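Structural overview for review
Each chain is listed here by its residues.
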4 protein chains.
Amino acid sequence: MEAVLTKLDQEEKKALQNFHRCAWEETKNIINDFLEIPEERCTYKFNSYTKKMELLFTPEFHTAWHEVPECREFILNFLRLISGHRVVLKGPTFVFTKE
Amino acid sequence: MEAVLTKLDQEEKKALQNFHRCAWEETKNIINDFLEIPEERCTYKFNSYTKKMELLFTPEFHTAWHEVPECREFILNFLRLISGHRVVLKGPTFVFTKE
Amino acid sequence: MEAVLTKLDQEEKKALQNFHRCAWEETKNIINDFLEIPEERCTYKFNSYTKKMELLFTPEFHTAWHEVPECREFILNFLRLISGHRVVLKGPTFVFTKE
Amino acid sequence: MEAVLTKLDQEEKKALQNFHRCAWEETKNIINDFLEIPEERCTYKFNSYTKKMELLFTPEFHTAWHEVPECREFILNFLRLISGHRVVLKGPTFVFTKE
């Protein structure tokens, strides 16, 4: 009984630590890919309703970075800062639309 | 990053220019087909609810002319002007109903 | 005349890019140091007024990460998330106080 | 990370325990010195503004007893009780003024 609850506590600590570590690794990889080599990972899609084409950035990993509000908010805000364009996250894609 | 964003801006300029050029070519073809040789392009359908026949004009191209509000508005207005009938655009068809 | 202003614009783009790149590198190094090897970088100081021991984390670099509101906010929020304590940034130090 | 935080928790417990132990030892020594042998430790200073002289008690230790509100309050209250005079703590000195 108490062994199972102790294992729950230990595994919750371990899983939360691993989840935050994976989220940090994912945001690290996302921003590093955008800053260094985004050409092999990004495409361009023309939204005709807004009569403009947007940069579709599809990061390789999606497991944990969007589940953490802080990591996702930082990713969006820093992509907006470094790029200067309006960045909106939809599903697994970052949409860069020139402002 | 900056190289990819500059490529995005250049591609947006080029794609917007190409999209407007294609829209102009499409409206040119639509109105030229209506003015010169519409007989092989349009059919006649009797709407029994309004108990009147309407001319169904089916332009060959639909890629860009309807996505530009100005080109579509001009097409409708000029078809109304030159034909004199009530022109309503539904889907890919122009419905000419005698007024 | 215009050559100097063109140089100003080009150098402003370059310096903003370099500043944001340095800020990202600094936050990367800060969080990596905290997650992997903080023991040789952080100390412990007992605040007697609050009668509690706080972790004094002194990141190696301070050039750009704190000047960017987004990077600093993300650093503080993510340190609070991963550590679970209360993290306050004063000067060059992160103070971790147990909650 | 987690090792450093566990060390923080353990060292906070140890430092709080040591701080309270030192405060208790200091109040013990202060009150024992006042009760048993205060002549070698106390002086007399004539405040002419209040036209009276006060007993200046300068305890040997000052590290922790004044930082604990409970220990300081007890020291002041018990010195007032055992002495019967108005006891005011200023800096490192107890001022005994006859009431």
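For this deposition, the record names cryo-EM as the technique by which the model was determined and cites 3.4 Å as its resolution.

Listed per partner, the contact involves 17 residues of chain A and 17 residues of chain C. Roughly 1,700 Å² of surface becomes buried between chain A and chain C when both sides are summed, with 76% attributable to carbon and sulfur atoms. Contact with chain C buries surface across chain A, with A:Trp24, A:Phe74 and A:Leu81 losing the most and accounting together for 34% of the total. For the pair chain A and chain C, the number of links is zero salt bridges. If you look at where chain A meets chain C, you find two residue pairs in polar contact. Contributing elements (two or more residues each) for the side of chain A that touches chain C: α1 (2–36) and α2 (69–83) of chain A. In terms of residue count, α1(A) provides more of the side of chain A that touches chain C than any other element does, nine residues in total. Of the residues assigned to the side of chain A that touches chain C, the class counts are nine nonpolar, five polar and three charged.

With that out of the way, let us pick up a positive patch on the surface. Residue and element names in this part refer to chain B. A surface patch of positive charge is lined by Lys-45, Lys-52, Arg-80, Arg-86 and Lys-90. Turning to its location among the elements, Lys-90 is positioned in strand β3 (residues 86–90). For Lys-90, a relative accessible area of 45% puts it in the partly exposed group.

It is worth spelling out the side chain of C:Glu26 at this point. Residue and element names in this part refer to chain C. Tracing the backbone through its elements, the reader meets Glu-26 in helix α1 (residues 2–35). One buried charged residue, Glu-26, forms no salt bridge at all, with the nearest opposite charge on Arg-72 at 12 Å. Engagement of the side chain of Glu-26 in a polar contact is seen with the side chain of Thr-63, the distance being 2.3 Å. At a separation of 2.5 Å, a polar atom in the side chain of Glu-26 contacts the main-chain amide nitrogen of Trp-65. Look past the residues within four positions of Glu-26 in its chain and what remains in contact with it is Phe-61, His-62, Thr-63, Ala-64 and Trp-65.

Looking now at the pairing of strand β1 (residues 42–47) of chain B. Residues and elements named next belong to chain B. Sheet topology places β1 next to strand β2 (residues 52–57); six bridges connect them, and they run antiparallel. Along β2, the bridge assignment pairs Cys-42 with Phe-57. In this antiparallel pair of consecutive strands, β1 and β2, the connection spans four residues, and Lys-51 shows a positive phi of 45 degrees.

Here is what the cut-offs are and how they apply
- Every chain's residues are listed with numbers counted from 1 in the order the sequence is written; these need not match the entry, and residues without coordinates are not shown.
- Chains and ligands are labelled sequentially in the order written, the chains with letters from A and the ligands with numbers from 1.
- The chains in this view make up only part of a larger assembly, and the values are for that part alone.
- The basis for every side-chain value is the complete set of heavy atoms in the structure, and neither hydrogens nor water enter the calculation.
- The criterion used for residue contact is that any of the two residues' heavy atoms lie within 4.5 Å.
- Note: buried area is the sum, over both parts, of the accessible area (probe 1.4 Å) each one loses when the two are combined.
- The salt bridge criterion pairs a side-chain nitrogen of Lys or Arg with a carboxyl oxygen of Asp or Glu, the two atoms within 4 Å.
- Definition of a polar contact: a pair of N or O atoms within 3.5 Å, with one able to donate and the other able to accept a hydrogen when the atoms are protein atoms, and with sequence-neighbouring residues admitted only if both atoms are side-chain atoms.
- Strands here mean DSSP runs of E at least two residues long; helices mean DSSP runs of H or I at least four residues long; both are numbered from the N terminus.
- The classification used treats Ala, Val, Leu, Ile, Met, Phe, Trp, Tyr, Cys and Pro as nonpolar, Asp, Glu, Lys and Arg as charged, and all other residues, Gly among them, as polar.
- Candidate patch residues must exceed 30% relative accessible area and have no salt bridge, after which like charges are joined if within 9 Å and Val, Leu, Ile, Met, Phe, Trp or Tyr side chains if within 5 Å.
- Each accessible area is a Shrake-Rupley estimate made with a 1.4 Å probe; only the visible protein chains count as cover when residues are assessed.
- Charged residues are defined here as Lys and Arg on the positive side and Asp and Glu on the negative side; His and the ends of the chain fall outside this count.
- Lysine's charge is taken at NZ, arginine's at CZ, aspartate's at CG and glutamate's at CD.
- Throughout this description, buried means an accessible area under 20% of the type-specific maximum (1.4 Å probe, protein chains only), exposed means over 50%, and partly exposed covers the range between.
- Paired strands, in this sense, are two strands between which DSSP finds at least two bridges.

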